[PDB]
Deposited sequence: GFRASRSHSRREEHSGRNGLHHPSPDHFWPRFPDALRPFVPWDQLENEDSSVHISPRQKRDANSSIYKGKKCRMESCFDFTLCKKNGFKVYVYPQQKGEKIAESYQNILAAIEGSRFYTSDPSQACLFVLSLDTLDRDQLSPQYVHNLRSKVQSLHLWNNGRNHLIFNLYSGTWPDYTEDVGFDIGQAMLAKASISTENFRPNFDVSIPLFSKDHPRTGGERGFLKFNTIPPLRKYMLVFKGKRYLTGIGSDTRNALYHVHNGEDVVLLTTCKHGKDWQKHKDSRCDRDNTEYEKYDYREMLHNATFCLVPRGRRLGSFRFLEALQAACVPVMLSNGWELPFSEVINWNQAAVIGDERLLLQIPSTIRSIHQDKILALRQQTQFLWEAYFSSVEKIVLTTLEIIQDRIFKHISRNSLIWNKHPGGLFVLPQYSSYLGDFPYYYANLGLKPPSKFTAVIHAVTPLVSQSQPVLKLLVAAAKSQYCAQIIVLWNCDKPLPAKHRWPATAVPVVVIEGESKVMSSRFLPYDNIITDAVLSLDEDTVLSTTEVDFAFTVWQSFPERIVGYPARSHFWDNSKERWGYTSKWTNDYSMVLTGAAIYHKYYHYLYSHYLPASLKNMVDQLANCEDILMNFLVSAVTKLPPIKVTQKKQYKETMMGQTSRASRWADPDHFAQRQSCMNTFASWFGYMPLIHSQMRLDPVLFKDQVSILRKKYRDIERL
């Protein structure tokens, strides 16, 4: 560690593992001094870290420290550059040569020969710099982050551009580009040679020489012709009409053009040689982009035409997935950086490459639950595995057991008679003590009763070790069901394991009269929420609710004693990007303040997510031969109609 404690820093030498030493991996942010100008982008990064689940206020507990000084822009000529930063960071008591420090940086270098002049001496801190060259990138230490402007959304999302997936996966043009060319300096070599390849039919490469205020002095013969054609085409309309969007190198290796290319669904053909692509340690960029060498600039159209239709289809879908998962907002970027850091501590608890490069993505797949891909409801097709044929019933009881006619008893035996059930868990969250053992009716499957330590609605979504099946049938105390209904719901779940399969569908909407989201429970022609009161879902969503969600939302849920099912559906629709499944015609599965709390919850969840992840759907999965004029001796699920 003494030999390589410098530019050759790695996570196993220039990083103290003993500070985390537990399942708690926390990140600490230094206080702000109320005397320094702060750019809005670094403030957004700081707010995203502070609002995260990795944030703690105790420097002793945390094992990752974030500076409050603005290190985003290190260009001395930039208006957001902060002077006297070396002495200002060396005077920090917690610096410790920057041992567990993450430094966010977006720009570096002055006018002549732009380089990685970060300004101060970073020491041992890993820098999450934006435009990192390959030879200046520490592989298992640094994180290559995208270059984003100050207008990048804090928590929302542009939601991509590809709303049609039509074959053949080609558009009007094949390669497009419209940006400035620099007649003096470094980094315009690849931009001054685009007229060679420009043809005007499908390869449209537009440039303008107007840079700064003295561009007229150094102009040449070619600039007059090129500048005339510049106004012919609109840049936003151009990226949306090309199968591939050229993303060359400007002054620095990276550019805003990469993220716009990913968003516009056009597969980026990066011509920035020696650019460590954003999050390259976890993302395979051969699946979402074409990497073109700068030396072979003339052969680019040929290599582009050689790409087959299937490859183009895959590339477009993959770039859209990467945008929607990791690069959509600043919170996405910082959470991705923190999780990439986290995966490097406990090696046996990490996300395999199939997790990062596939739906739903690494943000929503937490290895602390299980590193086995079959323990998740998303990777059944990628393996040769079928959904498990057994499920565990969890009953949330809040009323005491006073009479044998209570609905919690008839429901417990109802789930037992099903051929798929493995066991039953009765979460007893009542003020009265636990009922007698003989009070539980005899069942084929074992019955386990757990008395909740904290009688809050978030306890019903805890990852209990007593659940031995990947599937969970979550029922309330007042849930009325038949064995046939449970069997049908589980069989339907077996085709859609990543969703929530349940009876009570509820919908959401936007109320323009109040400019806020609205919760609807009436019979509507469409739905986007099926409540957890009677629904089947993978048990990984329990871990997701327990850990991924912020403490504030769960605390509010506990305080109001409501909105647990709404939040669960929010999380499921966010992870899956698919609407939930409602089964059968069951309109009521039971038997003014509630609605207001639910609507406030919906608005709060939308504010935290930055958008509405719930997706409408106007179909339900009913049994074949349901209410069909056939002899009743042929149907399988006879009792559903009854």
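**OP:** Compare the deposited sequence with the modelled residues and state the ranges that are missing C-alpha positions.
**Re:** Missing CA coords at 1-63, 655-668, 720.
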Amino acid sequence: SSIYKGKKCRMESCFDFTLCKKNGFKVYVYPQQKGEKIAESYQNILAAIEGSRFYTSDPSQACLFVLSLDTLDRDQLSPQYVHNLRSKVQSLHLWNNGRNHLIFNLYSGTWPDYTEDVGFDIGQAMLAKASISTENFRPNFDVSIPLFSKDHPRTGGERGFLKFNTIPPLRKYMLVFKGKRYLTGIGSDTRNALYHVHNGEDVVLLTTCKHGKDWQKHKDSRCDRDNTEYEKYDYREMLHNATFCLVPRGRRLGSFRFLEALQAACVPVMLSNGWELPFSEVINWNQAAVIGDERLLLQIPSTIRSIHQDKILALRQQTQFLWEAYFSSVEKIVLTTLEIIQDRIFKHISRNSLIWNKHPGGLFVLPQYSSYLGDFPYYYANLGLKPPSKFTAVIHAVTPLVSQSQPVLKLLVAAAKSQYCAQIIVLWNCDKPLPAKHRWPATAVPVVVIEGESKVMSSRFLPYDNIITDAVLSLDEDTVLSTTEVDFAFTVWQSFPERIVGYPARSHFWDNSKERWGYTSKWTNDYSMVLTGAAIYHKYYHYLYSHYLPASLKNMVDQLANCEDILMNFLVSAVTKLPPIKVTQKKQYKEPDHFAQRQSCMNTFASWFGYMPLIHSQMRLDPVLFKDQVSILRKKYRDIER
From here on, numbers count along this sequence of modelled residues.
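Take the two forms, find the largest set of C-alpha atoms that superpose within 1.5 Å, and that set is the rigid core.
Subject >> Larger mean CA deviation from the shown form in 5 other deposited structures of this protein [core fit; 492-500 vs 415-423] >> reply: Between the two stretches, 415-423 moves farther in 5 other deposited structures of this protein.
Original post:
After a core fit, does 55-63 or 23-31 show the bigger CA gap to the shown form in 5 other deposited structures of this protein?
Top reply: Output: 23-31, the stretch lying farther off on average in 5 other deposited structures of this protein.
**OP:** Could you tell me whether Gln43 lacks coordinates in at least a third of the other compared entries whose models cover its neighbours on both sides?
**Re:** It is not, since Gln43 is included in all of the other entries that model both flanking stretches.
Original post:
Any chance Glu591 is unbuilt in a third or more of the other entries we compared?
Top reply: It is, since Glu591 is left out of at least a third of the other entries that model both flanking stretches.
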